[PDB]
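Asks: Below is the file entry-v1.txt, with compact mmCIF, C-alpha atoms and all ligand atoms.
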# COMPACT_ATOMS: atom_id res chain seq x y z
CA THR A 2 12.40 -5.82 -6.59
CA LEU A 3 8.78 -6.45 -5.57
CA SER A 4 7.75 -4.59 -2.41
CA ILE A 5 4.56 -3.96 -0.46
CA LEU A 6 3.68 -0.43 0.62
CA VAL A 7 1.03 -0.21 3.35
CA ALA A 8 -0.19 1.86 6.29
CA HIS A 9 -1.99 -0.24 8.91
CA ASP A 10 -3.15 0.44 12.46
CA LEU A 11 -2.56 -1.54 15.67
CA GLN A 12 -5.17 -4.11 14.58
CA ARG A 13 -4.10 -4.08 10.90
CA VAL A 14 -6.98 -1.89 9.70
CA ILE A 15 -6.12 -0.31 6.32
CA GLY A 16 -9.37 1.22 5.10
CA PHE A 17 -12.93 2.26 5.74
CA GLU A 18 -15.57 2.96 3.10
CA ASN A 19 -12.97 2.99 0.32
CA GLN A 20 -10.79 5.65 1.97
CA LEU A 21 -8.03 5.84 4.58
CA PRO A 22 -9.40 5.87 8.15
CA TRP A 23 -6.84 8.52 9.21
CA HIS A 24 -5.54 11.89 8.09
CA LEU A 25 -1.75 11.66 8.12
CA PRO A 26 0.02 13.92 5.58
CA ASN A 27 3.46 12.48 6.49
CA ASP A 28 2.44 8.96 5.37
CA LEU A 29 1.44 10.29 1.95
CA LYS A 30 4.80 12.09 1.79
CA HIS A 31 6.56 8.83 2.78
CA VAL A 32 4.75 6.95 0.00
CA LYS A 33 5.50 9.67 -2.55
CA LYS A 34 9.20 9.67 -1.63
CA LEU A 35 9.58 5.87 -1.78
CA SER A 36 7.77 5.30 -5.09
CA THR A 37 8.89 8.34 -7.12
CA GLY A 38 10.17 7.13 -10.48
CA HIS A 39 9.05 3.54 -9.82
CA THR A 40 5.89 1.46 -10.37
CA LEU A 41 2.69 1.17 -8.32
CA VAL A 42 0.33 -1.78 -8.78
CA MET A 43 -3.11 -1.29 -7.26
CA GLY A 44 -6.53 -2.92 -7.30
CA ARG A 45 -9.44 -1.26 -9.07
CA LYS A 46 -11.10 0.01 -5.88
CA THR A 47 -7.91 1.67 -4.63
CA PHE A 48 -7.53 3.37 -7.99
CA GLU A 49 -11.08 4.72 -7.97
CA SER A 50 -10.51 5.94 -4.37
CA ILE A 51 -7.49 8.02 -5.44
CA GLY A 52 -9.42 9.06 -8.57
CA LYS A 53 -6.44 9.74 -10.86
CA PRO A 54 -2.97 8.27 -11.45
CA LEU A 55 -0.22 9.57 -9.15
CA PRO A 56 2.25 11.74 -11.12
CA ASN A 57 5.90 10.78 -11.70
CA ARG A 58 5.51 7.02 -11.33
CA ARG A 59 4.04 4.23 -13.44
CA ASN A 60 0.47 3.54 -12.32
CA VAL A 61 -0.72 -0.02 -12.95
CA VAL A 62 -4.30 -1.04 -12.17
CA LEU A 63 -5.40 -4.65 -11.71
CA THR A 64 -9.01 -5.25 -12.78
CA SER A 65 -11.22 -7.87 -14.48
CA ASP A 66 -12.87 -5.01 -16.40
CA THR A 67 -11.88 -5.37 -20.06
CA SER A 68 -13.39 -1.93 -20.74
CA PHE A 69 -10.86 -0.31 -18.39
CA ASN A 70 -8.64 2.04 -20.41
CA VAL A 71 -7.73 5.18 -18.45
CA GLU A 72 -5.30 7.92 -19.56
CA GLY A 73 -1.98 7.79 -17.66
CA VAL A 74 -2.79 4.33 -16.30
CA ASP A 75 -1.59 0.91 -17.47
CA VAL A 76 -4.04 -1.95 -16.96
CA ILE A 77 -3.40 -5.61 -16.12
CA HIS A 78 -5.94 -8.43 -15.74
CA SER A 79 -3.92 -11.08 -13.88
CA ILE A 80 -1.63 -11.31 -10.84
CA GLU A 81 0.83 -13.04 -13.18
CA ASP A 82 1.17 -9.81 -15.21
CA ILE A 83 2.85 -8.15 -12.19
CA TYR A 84 5.99 -10.27 -12.64
CA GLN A 85 6.48 -8.91 -16.19
CA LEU A 86 6.72 -5.29 -14.96
CA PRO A 87 10.31 -3.95 -15.03
CA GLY A 88 12.11 -2.11 -12.22
CA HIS A 89 11.07 -1.60 -8.60
CA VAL A 90 7.40 -2.56 -8.33
CA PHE A 91 5.36 -1.55 -5.26
CA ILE A 92 2.15 -3.33 -4.35
CA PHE A 93 -0.02 -0.34 -3.44
CA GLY A 94 -3.25 -1.97 -2.19
CA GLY A 95 -5.88 -2.59 -1.32
CA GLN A 96 -6.83 -5.54 0.91
CA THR A 97 -7.34 -7.92 -1.98
CA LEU A 98 -3.96 -7.11 -3.56
CA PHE A 99 -2.16 -7.36 -0.21
CA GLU A 100 -3.76 -10.76 0.48
CA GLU A 101 -2.71 -11.97 -2.97
CA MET A 102 0.87 -10.65 -2.76
CA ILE A 103 2.12 -10.89 0.84
CA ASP A 104 3.60 -14.39 0.28
CA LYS A 105 5.30 -13.22 -2.96
CA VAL A 106 7.00 -9.90 -2.16
CA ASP A 107 10.68 -9.43 -1.24
CA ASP A 108 10.03 -6.79 1.41
CA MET A 109 7.46 -4.48 2.94
CA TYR A 110 7.49 -0.77 3.76
CA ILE A 111 4.90 -0.45 6.50
CA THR A 112 3.65 2.65 8.25
CA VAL A 113 2.31 1.39 11.58
CA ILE A 114 -0.43 3.79 12.62
CA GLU A 115 -0.21 3.55 16.40
CA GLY A 116 -3.96 3.83 17.04
CA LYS A 117 -7.19 1.84 16.83
CA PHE A 118 -9.53 2.88 14.02
CA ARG A 119 -12.86 1.63 12.67
CA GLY A 120 -12.07 -0.41 9.57
CA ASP A 121 -13.77 -2.54 6.94
CA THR A 122 -10.57 -3.70 5.24
CA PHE A 123 -7.40 -5.20 6.73
CA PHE A 124 -3.78 -6.06 6.02
CA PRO A 125 -3.25 -9.84 6.41
CA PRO A 126 -1.62 -11.18 9.62
CA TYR A 127 2.16 -11.55 9.50
CA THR A 128 4.83 -12.53 12.02
CA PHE A 129 8.30 -11.09 12.75
CA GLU A 130 9.55 -14.69 12.68
CA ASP A 131 9.35 -14.40 8.88
CA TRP A 132 10.49 -10.77 8.57
CA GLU A 133 13.73 -9.04 9.53
CA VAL A 134 13.43 -5.43 10.69
CA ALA A 135 15.73 -3.62 8.25
CA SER A 136 14.74 -0.31 9.86
CA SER A 137 12.24 1.15 12.31
CA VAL A 138 11.85 4.94 12.45
CA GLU A 139 9.43 6.84 14.65
CA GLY A 140 7.38 9.42 12.76
CA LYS A 141 7.70 13.00 13.98
CA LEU A 142 4.49 14.59 15.27
CA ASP A 143 3.11 18.10 14.84
CA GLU A 144 -0.29 19.83 14.51
CA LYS A 145 -0.73 18.49 10.95
CA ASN A 146 0.47 14.98 11.92
CA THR A 147 -1.01 14.08 15.27
CA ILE A 148 -1.28 10.27 15.24
CA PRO A 149 1.85 8.41 16.41
CA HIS A 150 3.29 6.27 13.64
CA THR A 151 6.37 4.20 12.88
CA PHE A 152 7.96 3.50 9.50
CA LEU A 153 9.09 -0.14 9.27
CA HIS A 154 11.11 -1.70 6.50
CA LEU A 155 10.75 -5.48 6.72
CA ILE A 156 12.72 -7.94 4.60
CA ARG A 157 11.64 -11.58 4.20
CA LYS A 158 13.98 -13.91 6.09
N1 LIG B 201 -3.83 1.87 4.32
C1 LIG B 201 -3.32 1.55 3.13
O1 LIG B 201 -1.96 1.33 2.99
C2 LIG B 201 -4.20 1.42 1.92
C3 LIG B 201 -3.66 1.39 0.62
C4 LIG B 201 -4.51 1.12 -0.46
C5 LIG B 201 -5.86 0.88 -0.23
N2 LIG B 201 -6.36 0.93 1.05
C6 LIG B 201 -7.77 0.67 1.33
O2 LIG B 201 -8.11 -0.64 0.89
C7 LIG B 201 -9.50 -0.70 0.65
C8 LIG B 201 -9.72 -1.33 -0.72
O3 LIG B 201 -9.32 -2.70 -0.69
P1 LIG B 201 -10.23 -3.78 -1.48
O4 LIG B 201 -9.68 -5.12 -1.22
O5 LIG B 201 -11.65 -3.53 -1.17
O6 LIG B 201 -10.00 -3.36 -3.01
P2 LIG B 201 -8.72 -3.28 -3.98
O7 LIG B 201 -7.77 -4.34 -3.62
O8 LIG B 201 -8.17 -1.91 -4.05
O9 LIG B 201 -9.42 -3.62 -5.39
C9 LIG B 201 -10.07 -4.86 -5.55
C10 LIG B 201 -10.32 -5.02 -7.03
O10 LIG B 201 -9.08 -5.27 -7.67
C11 LIG B 201 -9.30 -6.14 -8.76
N3 LIG B 201 -8.51 -7.37 -8.58
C12 LIG B 201 -7.84 -7.80 -7.46
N4 LIG B 201 -7.23 -8.98 -7.75
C13 LIG B 201 -7.51 -9.30 -9.04
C14 LIG B 201 -7.16 -10.37 -9.87
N5 LIG B 201 -6.40 -11.36 -9.43
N6 LIG B 201 -7.63 -10.39 -11.18
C15 LIG B 201 -8.41 -9.37 -11.68
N7 LIG B 201 -8.75 -8.31 -10.85
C16 LIG B 201 -8.31 -8.29 -9.57
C17 LIG B 201 -10.80 -6.40 -8.83
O11 LIG B 201 -11.33 -5.37 -9.63
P3 LIG B 201 -12.66 -5.60 -10.51
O12 LIG B 201 -13.83 -5.78 -9.58
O13 LIG B 201 -12.83 -4.35 -11.35
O14 LIG B 201 -12.44 -6.82 -11.39
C18 LIG B 201 -11.20 -6.21 -7.38
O15 LIG B 201 -12.58 -5.96 -7.14
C19 LIG B 201 -10.00 0.75 0.71
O16 LIG B 201 -10.62 1.02 1.95
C20 LIG B 201 -8.75 1.59 0.61
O17 LIG B 201 -8.88 2.84 1.25
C21 LIG B 201 -5.55 1.17 2.11
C1 LIG B 202 -1.45 12.13 -2.83
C2 LIG B 202 -1.78 10.75 -2.30
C3 LIG B 202 -3.13 10.39 -2.15
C4 LIG B 202 -3.47 9.13 -1.65
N1 LIG B 202 -4.67 8.53 -1.40
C5 LIG B 202 -4.37 7.30 -0.92
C6 LIG B 202 -5.44 6.34 -0.56
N2 LIG B 202 -5.26 5.17 0.08
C7 LIG B 202 -6.45 4.51 0.25
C8 LIG B 202 -7.59 5.13 -0.27
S1 LIG B 202 -7.09 6.62 -0.98
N3 LIG B 202 -3.05 7.10 -0.82
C9 LIG B 202 -2.37 6.00 -0.44
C10 LIG B 202 -2.40 4.84 -1.22
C11 LIG B 202 -1.68 3.67 -0.95
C12 LIG B 202 -0.85 3.65 0.16
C13 LIG B 202 -0.03 2.48 0.54
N4 LIG B 202 -0.07 1.35 -0.19
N5 LIG B 202 0.75 2.57 1.64
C14 LIG B 202 0.79 3.69 2.41
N6 LIG B 202 1.60 3.72 3.50
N7 LIG B 202 0.05 4.80 2.11
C15 LIG B 202 -0.76 4.85 1.02
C16 LIG B 202 -1.51 5.98 0.68
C17 LIG B 202 -2.39 8.17 -1.28
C18 LIG B 202 -1.04 8.52 -1.43
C19 LIG B 202 -0.71 9.79 -1.92
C20 LIG B 202 0.75 10.16 -2.08
Would you mind writing the structure in this file as C-alpha cells?

Replies:
Amino acid sequence: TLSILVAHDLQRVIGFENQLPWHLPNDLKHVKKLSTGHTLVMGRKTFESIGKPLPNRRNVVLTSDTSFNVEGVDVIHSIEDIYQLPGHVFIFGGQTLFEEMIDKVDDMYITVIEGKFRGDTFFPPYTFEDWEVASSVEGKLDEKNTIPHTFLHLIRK
C-alpha cells in the first residue's frame, strides 16, 4: 500500500519556514501510531526539519544530493525508487513530495487542522468526488491540544 500522511489547515497550508505552523501533540501521536513499523518517504527539506530519522520505522529520504548518506536513513534519488520499497509506504512530505505523489497513492490519512494559519507551503487541491471518506474522527481537545482537528481517511474512488 502507498498512502499519503498529511496535516493541512482549512486553506491547505502545511508548513511555514520549514516547520509546522501549529503546535498539536495529538497529530504527532497520530502519525507515530499509523507509521510504526512501516516506511516513511520524505523530501530532503522535511528530513532536515525533523533533524533525525524517526525511530521504529524505515526512514527514506528523496534527494538529488549524491553526497547524502545519513546513519539510520535510506536515500533514494528518483520518484520511481518509491515503488520498489516493500510493505506499507507512507508519503511523509513535504509540498514537493505531495504534489508528485497525490495522483499515485491508494489513500490518504489527513489531519484537517480546523484553523487558518500563515503558510508558505501547501497540500495540492483535491476533491471528494475522487475520494471516499473511509472514516472521519473529530480530535479531542485539551490544554495541550487546543486547535480543533479532524482525522480523515480517504480512499481513491
Ligand atoms: N503539515 C504536514 O503534514 C507536513 C509534513 C511534512 C512537511 N511539511 C512542511 O513542508 C514544507 C517542506 O516542503 P518542500 O516542498 O519545501 O520540501 P520537501 O518536499 O520536504 O523537500 C524538497 C526536496 O526533496 C527533494 N526531491 C523532491 N522530489 C525529488 C525528485 N523527484 N528527485 C530528487 N529529489 C527530489 C529535493 O531535494 P534536493 O534539493 O536535496 O535535491 C527537494 O528540494 C515544510 O514547511 C515542512 O514543515 C508539512
Ligand atoms: C516526533 C515527530 C516530530 C515531527 N516533526 C514533524 C515536522 N513536520 C514538518 C516539519 S517538522 N513531523 C511531522 C512530519 C510529517 C507529517 C505528515 N506527513 N503528516 C502529519 N499529519 N503530521 C506530520 C508530522 C513530526 C512527527 C513526529 C511524530

Asks: Skipping near chain neighbours, those fewer than 3 positions away, what residues fall within 10 Å of residue 83 of chain A using all atoms listed in the file, listed as a list in words?

Replies: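 Answer for this query is residues 3, 42, 61, 63, 77, 78, 79, 80, 86, 87, 90, 91, 92 and 102 of chain A.
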
Asks: In file coordinates, which residues lie within 7 Å of (-0.3, -2.7, 9.8) using all atoms listed in the file, given as a PyMOL selection string?

Replies: chain A and resi 8-14+111-113+124

Asks: Pull C-alpha atoms from the residues just selected and write them as an mmCIF file, keeping the file's coordinate frame.

Replies:
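The resulting file, part.cif, is shown below:
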data_model
loop_
_atom_site.group_PDB
_atom_site.id
_atom_site.type_symbol
_atom_site.label_atom_id
_atom_site.label_comp_id
_atom_site.auth_asym_id
_atom_site.auth_seq_id
_atom_site.Cartn_x
_atom_site.Cartn_y
_atom_site.Cartn_z
ATOM 1 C CA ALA A 8 -0.190 1.860 6.290
ATOM 2 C CA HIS A 9 -1.990 -0.240 8.910
ATOM 3 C CA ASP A 10 -3.150 0.440 12.460
ATOM 4 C CA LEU A 11 -2.560 -1.540 15.670
ATOM 5 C CA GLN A 12 -5.170 -4.110 14.580
ATOM 6 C CA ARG A 13 -4.100 -4.080 10.900
ATOM 7 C CA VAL A 14 -6.980 -1.890 9.700
ATOM 8 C CA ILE A 111 4.900 -0.450 6.500
ATOM 9 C CA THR A 112 3.650 2.650 8.250
ATOM 10 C CA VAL A 113 2.310 1.390 11.580
ATOM 11 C CA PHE A 124 -3.780 -6.060 6.020
#

Asks: Quick one: contact table of chain A to ligand LIG 201 (chain B), 8 Å max, nearest atom pair and distance in Å to one decimal per residue, counting all atoms listed in the file, chain and number order, as a Markdown table?

Replies:
| residue | atom | partner | partner_atom | distance |
| --- | --- | --- | --- | --- |
| A:6 | CA | B:LIG201 | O1 | 6.4 |
| A:7 | CA | B:LIG201 | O1 | 3.4 |
| A:8 | CA | B:LIG201 | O1 | 3.8 |
| A:9 | CA | B:LIG201 | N1 | 5.4 |
| A:14 | CA | B:LIG201 | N1 | 7.3 |
| A:15 | CA | B:LIG201 | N1 | 3.7 |
| A:16 | CA | B:LIG201 | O16 | 3.4 |
| A:17 | CA | B:LIG201 | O16 | 4.6 |
| A:18 | CA | B:LIG201 | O16 | 5.4 |
| A:19 | CA | B:LIG201 | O16 | 3.5 |
| A:20 | CA | B:LIG201 | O17 | 3.5 |
| A:21 | CA | B:LIG201 | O17 | 4.6 |
| A:22 | CA | B:LIG201 | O17 | 7.6 |
| A:43 | CA | B:LIG201 | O8 | 6.0 |
| A:44 | CA | B:LIG201 | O10 | 3.5 |
| A:45 | CA | B:LIG201 | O10 | 4.3 |
| A:46 | CA | B:LIG201 | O8 | 4.0 |
| A:47 | CA | B:LIG201 | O8 | 3.6 |
| A:48 | CA | B:LIG201 | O8 | 6.6 |
| A:50 | CA | B:LIG201 | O17 | 6.6 |
| A:62 | CA | B:LIG201 | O10 | 7.8 |
| A:63 | CA | B:LIG201 | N7 | 5.0 |
| A:64 | CA | B:LIG201 | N7 | 3.6 |
| A:65 | CA | B:LIG201 | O14 | 3.5 |
| A:66 | CA | B:LIG201 | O13 | 5.1 |
| A:77 | CA | B:LIG201 | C15 | 7.7 |
| A:78 | CA | B:LIG201 | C15 | 4.8 |
| A:79 | CA | B:LIG201 | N6 | 4.6 |
| A:80 | CA | B:LIG201 | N5 | 5.0 |
| A:93 | CA | B:LIG201 | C4 | 5.6 |
| A:94 | CA | B:LIG201 | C4 | 3.8 |
| A:95 | CA | B:LIG201 | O7 | 3.5 |
| A:96 | CA | B:LIG201 | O4 | 3.6 |
| A:97 | CA | B:LIG201 | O4 | 3.7 |
| A:98 | CA | B:LIG201 | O7 | 4.7 |
| A:99 | CA | B:LIG201 | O7 | 7.2 |
| A:101 | CA | B:LIG201 | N4 | 7.2 |
| A:111 | CA | B:LIG201 | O1 | 7.9 |
| A:112 | CA | B:LIG201 | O1 | 7.8 |
| A:120 | CA | B:LIG201 | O16 | 7.9 |
| A:121 | CA | B:LIG201 | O16 | 6.9 |
| A:122 | CA | B:LIG201 | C7 | 5.6 |
| A:123 | CA | B:LIG201 | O2 | 7.4 |

Asks: Just the number, please: distance in Å from atom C20 of ligand LIG 202 (chain B) to atom CA of residue 33 of chain A, one decimal.

Replies: 4.8 Å

Asks: Counting all atoms listed in the file, which residue out of A:110, A:140, A:81, A:104 sits closest to ligand LIG 202 (chain B)?

Replies: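 Closest to ligand LIG 202 (chain B) of all the choices is A:110.
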
Asks: How far is it from atom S1 of ligand LIG 202 (chain B) to atom CA of residue 51 of chain A, in Å with one decimal?

Replies: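 Atom-to-atom, atom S1 of ligand LIG 202 (chain B) and atom CA of residue 51 of chain A are spaced 4.7 Å apart.
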
Asks: Enter the distance from atom CA of residue 25 of chain A to atom CA of residue 148 of chain A, in Å, rounded to one decimal.

Replies: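 Interatomic distance here is 7.3 Å.
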
Asks: Of the candidates A:2, A:137, A:151, A:68, which one gets nearest to ligand LIG 202 (chain B) if we count all atoms listed in the file?

Replies: A:151

Asks: Could you tell me which of A:85, A:40, A:67, A:128 comes closest to residue 4 of chain A if we count all atoms listed in the file?

Replies: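 Nearest to residue 4 of chain A: A:40.
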
Asks: Taking into account all atoms listed in the file, which residue in the set A:71, A:109, A:138, A:32 is nearest to ligand LIG 202 (chain B)?

Replies: A:32

Asks: Considering all atoms listed in the file, state which residue in the set A:114, A:119, A:74, A:126 is at the smallest distance from residue 100 of chain A.

Replies: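 Of A:114, A:119, A:74, A:126, the one nearest residue 100 of chain A is A:126, counting all atoms listed in the file.
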
Asks: Restricting the calculation to all atoms listed in the file: of A:136, A:146, A:70, A:57, which residue gets closest to residue 38 of chain A?

Replies: A:57

Asks: Enclose ligand LIG 202 (chain B), meaning all of its atoms listed in the file, in a box aligned along x, y and z, pad it by 8 Å on each side, and list the centre and edge lengths in Å to one decimal, as lines of an AutoDock Vina configuration file.

Replies:
center_x = -3.0
center_y = 6.7
center_z = 0.3
size_x = 25.2
size_y = 26.8
size_z = 22.3
